[PDB]
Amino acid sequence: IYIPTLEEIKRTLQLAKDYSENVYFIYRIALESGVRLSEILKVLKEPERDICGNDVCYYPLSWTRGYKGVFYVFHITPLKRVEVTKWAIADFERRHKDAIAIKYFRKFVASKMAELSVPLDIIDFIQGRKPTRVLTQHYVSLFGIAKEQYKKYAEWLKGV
């Protein structure tokens, strides 16, 4: 399957930033977090609920598709308020065929976390996906395990 290259990500961030720094910031949080666009737009409408701790930040959210459950938007950069819909994003990509669709930023994040040996069930949780197994491998302490695993992607990302 297609996983974007780091260069393809950089070029997309740059196209965005030159179009709107707000749209850019959305792609940036997409790269930092691995979560899906809808969640990124939720957290940016209420950036105050963000929680920043030392090395990384995390924004507590709750599953809406199906039974509810707590997950976190992990990121490095403190949030700022951005008010857009998915249509702002759609317009931007329609106008830039060589900008990688934001949905593919997930694939890239997932792929990198693999190379850093983040276990797949934790990659799933970091990205705001529901468990694939009823009997999860990490019953305690899920937040801690996720955070320490995420701190490895953060370090990588910080050194580019």
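Heads up: residue numbers just count along the shown sequence, starting at 1.
Student: Tell me which stretch has the larger mean Cα B-factor in this entry, 107 to 115 or 26 to 34.
Tutor: Taking the mean B-factor of the alpha carbons in each, 107 to 115 is higher.
Student: Comparing 56 to 64 with 129 to 137, where is the mean C-alpha B-factor higher?
Tutor: According to the PDB entry, the answer is 129 to 137.
Student: In terms of CA temperature factor as recorded, identify the highest of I40, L120, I102, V70.
Tutor: Each of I40, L120, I102, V70 was compared by C-alpha B-factor; the highest is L120.
Student: Just say lowest, middle or highest third for the CA B-factor of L13 relative to the other modelled residues in its chain.
Tutor: Bottom third by C-alpha B-factor.
Student: Compared with the other modelled residues in the chain, in which third is the CA B-factor of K45?
Tutor: It belongs to the middle third of the chain when residues are ordered by C-alpha B-factor.
Student: Among all modelled residues of this chain, ranked by Cα B factor, put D98 in the bottom, middle or top third, i.e. lowest, middle or highest.
Tutor: For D98, the deposited C-alpha B-factor lands in the highest third.
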